[PDB]
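Undergrad: Got a structure here, written out as structure tokens. Questions coming.
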Amino acid sequence: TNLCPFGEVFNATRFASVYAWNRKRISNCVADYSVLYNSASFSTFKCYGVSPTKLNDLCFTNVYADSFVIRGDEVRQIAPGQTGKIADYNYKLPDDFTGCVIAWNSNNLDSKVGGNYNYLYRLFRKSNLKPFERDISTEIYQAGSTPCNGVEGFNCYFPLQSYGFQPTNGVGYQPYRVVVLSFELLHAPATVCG
Amino acid sequence: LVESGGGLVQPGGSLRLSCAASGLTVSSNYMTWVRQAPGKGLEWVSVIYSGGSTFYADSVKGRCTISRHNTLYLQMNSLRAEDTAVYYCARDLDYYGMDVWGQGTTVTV
Amino acid sequence: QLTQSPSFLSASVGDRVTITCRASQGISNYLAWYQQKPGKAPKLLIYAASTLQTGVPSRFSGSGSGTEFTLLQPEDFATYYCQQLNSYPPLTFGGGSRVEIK
Ligand SMILES: *[C@@H]1O[C@H](CO)[C@@H](O)[C@H](O)[C@H]1NC(C)=O
């Protein structure tokens, strides 16, 4: 019984920034979601399919993990229909969502003494992302009528902007690790069961 | 720079205000609406995103922001007592702050 | 959260004054400093710490759950505001100490 690898997602070392969220696929194995759920060491565990129990006994053809780190006050953005920086320009869910979201505080692990500047989000973007899209483009933003062509300055800003995760910040500002486990069901051998 | 709009009207009448860009088009910037009551600090009554999503405050939660091309609009029906104040345009750089503002304009019940 | 700033200050001309605002619990980079001269739309001064274009004589910042700025030139008979940056639903402003010169 080759258990599906989840210890290499939730127990990973370096979650990528929210604009370059680490996507992984799970297939051709079995996973015990219930043991992860009943761990209780998770801040939020919100499911938009079925409850943690009954999702074990519904075999699926693929399970996509999407891992990153965001701010506490913006965790409440990660759900279909929400709007904001994350929900528009960094990681947008669809309104037909199946799967669910698992998030927990990682203050100590991810906060530096003076606040780590490793993480980023696309603060500037013309149009919001389509659902599940990715956009890692690092071109300087085109703010208004006049271009500047790669010279960072007025009316054209480097869209990516960092996080000041000081180890003293308010809990709404301390980083939280987030993983979206999106199930999917297709016309194929369902190789992810319980 | 920017531009002002209509002034004092009746109570709970269809209040409306407008704004205009000067050298920076309104399709790509976090446009705003900030309100200062006469004899009070500042507020924040609306923000309009580049993608189109809008946000309002607790008070004046029924306000309707808008965007088009470069004639920014804000509207409201329940022009209650708090509506008597001055309002300002501003483009936001959420890490760099409320940048250049309009001249602002006043309205009263 | 809520932000509380100092009261009004009566200062002497050509003297460096200091204003401060303490935040509820933790901001550490998300505070901006603004100038409102009476009858005029307010003008920003300060990012987390940096300064934009003009206030070179009135730039100072020390932000960790309680920030403070330091500004002198007798053309500062106006009011100073602190706006906390990323609280997306409310864009809460400070109590806004005003300075007079004497
Ligand atoms: C991560 O490791 C801890 C202890 O080693 C364990 O309690 C937890 O279940 C692990 N998580 C996963 C997803 O394997």
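Line by line, the protein sequences are chains A, B and C.
The first sequence begins at 333 in PDB author numbering and counts up by one.
As numbered in PDB author numbering, residues 4 to 72, 76 to 115 make up the second sequence, in order.
As numbered in PDB author numbering, residues 3 to 73, 78 to 108 make up the third sequence, in order.
Here a beta-carbon is modelled for each residue, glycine too, at the ideal position from N, C-alpha and C.
For residue 79/B and residue 35/B, what's the separation of their Cα atoms in angstroms?
TA: Distance from the CA atom of residue 79/B to the CA atom of residue 35/B, rounded to whole angstroms, is 10 Å.
Undergrad: Does any C-beta atom of chain C lie closer than 7 Å to the C-beta of residue 414/A?
TA: no
Undergrad: Output the residue ranges of the alpha helix (DSSP H) runs that lie fully inside the segment 378-412 of chain A and measure 4 residues or longer, sorted by chain position.
TA: The segment 378-412 of chain A contains these whole alpha helix (DSSP H) runs: 404-407.
Undergrad: For residue 55/C, list the residues DSSP reports as bridge partners.
TA: None, per the DSSP bridge assignment.
Undergrad: Of the residues 372/A, 511/A, 482/A and 416/A, which one's Cα is nearest the Cα of residue 353/A?
TA: Measuring from the Cα of residue 353/A, the nearest candidate turns out to be 511/A.
Undergrad: For residue 347/A, is the beta carbon positioned less than 6 Å from some heavy atom of ligand 1?
TA: no
Undergrad: Does chain A have any CB closer than 7 Å to the CB of residue 70/B?
TA: no
Undergrad: Residues in the same chain with beta-carbon distance under 8 Å from residue 13/C, minus the five sequence neighbours each way, listed in chain order, please.
TA: 19, 105, 106, 107 and 108
Undergrad: Beta-carbon of residue 459/A versus every beta-carbon of chain B: anything under 7 Å?
TA: yes
Undergrad: Quick check on DSSP: helix, strand or coil for residue 64/B?
TA: In the displayed model, residue 64/B falls within coil according to three-state DSSP, outside both helix and strand.
Undergrad: Tell me residue 432/A's beta-bridge partners as DSSP assigns them.
TA: DSSP output for residue 432/A lists 379/A and 513/A as bridge partner(s).
Undergrad: Rounding to the nearest angstrom, what Cα-Cα distance links residue 63/C and residue 85/C in this structure?
TA: 17 Å
Undergrad: Where does residue 61/B land, buried or exposed, given buried means 16+ other C-beta within 10 angstroms?
TA: exposed
Undergrad: Ligand 1 and residue 490/A: does the residue's C-beta get closer than 6 Å to at least one heavy atom of that ligand?
TA: no
Undergrad: Any chance you could list the alpha helix (DSSP H) runs of at least 4 consecutive residues sitting entirely within the segment 340-380 of chain A, in chain order?
TA: 365-369
Undergrad: Going by alpha carbons, who is nearest to residue 429/A out of 347/A, 361/A and 413/A?
TA: 413/A
Undergrad: What does the alpha-carbon distance come out to for the pair residue 10/C and residue 58/C?
TA: Looking at the two C-alpha atoms, the distance is approximately 22 Å.
Undergrad: Could you confirm whether any beta carbon from chain C is found closer than 7 Å to the beta carbon of residue 36/B?
TA: It does not: the Cβ of residue 36/B has no partner Cβ on chain C nearer than 7 Å.
Undergrad: Which residue from 472/A, 525/A and 468/A puts its Cα closest to that of residue 351/A?
TA: 468/A
Undergrad: Between 54/B, 111/B and 5/B, which has its C-alpha nearest residue 460/A's C-alpha?
TA: 54/B
Undergrad: Are the CB atoms of residue 404/A and residue 493/A within a distance shorter than 7 Å?
TA: The answer is no: Cβ separation not under 7 Å.
Undergrad: Run the CB neighbour count on residue 525/A, radius 10 Å, all protein chains shown included, and call it buried at 16 or more, exposed below.
TA: exposed
Undergrad: Just checking: is the beta-carbon of residue 352/A within a distance shorter than 7 Å of some beta-carbon in chain B?
TA: no
Undergrad: Measuring from the CB of residue 296/A, is there a heavy atom of ligand 1 at a distance below 6 Å?
TA: In the structure displayed, chain A extends from 333 to 526; residue 296/A sits before or after that span and is not available.
Undergrad: Residue 89/C: buried (16+ other C-beta within 10 angstroms of its C-beta) or exposed?
TA: buried
Undergrad: Ordered along the chain, which non-local residues of its own chain (more than five positions away) have a Cβ less than 7 Å from that of residue 31/C?
TA: 50 and 65
Undergrad: CA-CA distance, residue 391/A and residue 381/A?
TA: 13 Å
Undergrad: Give the residues of chain B in contact with residue 55/C, contact being defined as C-beta atoms less than 7 Å apart.
TA: Going along chain B, no residue has its Cβ under 7 Å from residue 55/C, so there is no contact; the nearest lies around 10 Å.
Undergrad: Compare the beta carbon distance of residue 34/C and residue 94/B with 7 Å and say whether it is the shorter of the two.
TA: no
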